[PDB]
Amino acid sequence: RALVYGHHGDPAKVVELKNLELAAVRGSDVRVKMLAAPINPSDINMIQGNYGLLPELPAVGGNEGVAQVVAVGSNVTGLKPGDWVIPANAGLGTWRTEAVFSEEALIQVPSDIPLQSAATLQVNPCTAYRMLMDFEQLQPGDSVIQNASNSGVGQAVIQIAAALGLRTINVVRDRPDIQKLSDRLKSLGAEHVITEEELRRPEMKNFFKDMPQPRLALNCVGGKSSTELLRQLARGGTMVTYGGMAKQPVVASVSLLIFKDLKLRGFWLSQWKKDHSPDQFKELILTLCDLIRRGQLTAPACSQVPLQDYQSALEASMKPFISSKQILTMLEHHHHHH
């Protein structure tokens, strides 16, 4: 059982449930059992068409998730049955029950962390951690600002930053129960939570007098919101973009580039993974797993949905005001989900 698309378009209509047969297990091959796989923007964009990579249709959707190794090829010894794995590369097709992959296509992850955390490791904490490390040299006490803070990545940024002794200013969209949301992000380690509406005020720049100007800003919104994010950076600061929409480009005023000497950059985890070794990626995973055991990092609220009920999850993920992230689940759990 697989979630397959015959062409590119709106995932609602484009993607459908189909049945396949599993290939032979060569000496280098690993047969797995999928446990869980998230619906990520990249997955949606790979269905829609506008994404960096596009596999050969008819293709299986989804790029991330976690699977248990069930059977193993003649001469693979680095992966044993019972090991949890995640994809080493993009476009593997993870919205399936079982598959066969070469051992180089897979990366072992420890099987003692929670299943949800394993499934979202790449999109969320891997991305958050990398952005915090790769652009500005941040020491305990330094600040970071970000938008879409209630997102999967946003919540990972909050937790990881706090683990690094950093001080976060967290922008979220305006909403009726901002107070509840504010309090929850603060419990995760957020120092401040402000709305986009608050961000746009000229009196925002030096609003929080008891903390230093951030040299790092993380953006997922674009448009005027990204410009207002830029505006909060110290001189010589960097704003990193890791998501957004086609028709909402990042916008940088001439005066901010020139007089404030700001830098705009992107981050793409897939690119990072390609430019680095398995050991370096394994090192990142271990670091994150240690945070998850030390209690310094937990996964956000995520609605579990069966592979059968993909339609429900596929449309709910494509809310303009994206609520809880949708995790496709291939296992049964203690509480049954119809």
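Residue indices: 1-based, along the sequence shown.
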So which stretch wins on mean C-alpha B-factor, 24-32 or 274-282?
24-32
Segment of higher mean CA temperature factor, 202-210 or 161-169
202-210
Looking only at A67, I39, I292, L307, the Cα with the top B-factor belongs to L307
Comparing C-alpha B-factors across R130, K247, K80, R215 in this entry, the winner is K80
In terms of the chain's CA B-factor thirds, is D183 lowest, middle or highest?
middle
Of the three thirds of Cα B-factor ranks in this chain, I47 occupies the highest
Tertile call for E104 (CA temperature factor, within chain, third-based) is the highest
Consider only the C-alpha atoms of the modelled residues in this chain, order them by B-factor as the entry records it, and name the third containing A301: lowest, middle or highest.
highest
Grab the CA temperature factor for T94 from the record and place it in the lowest, middle or highest third of its chain.
middle
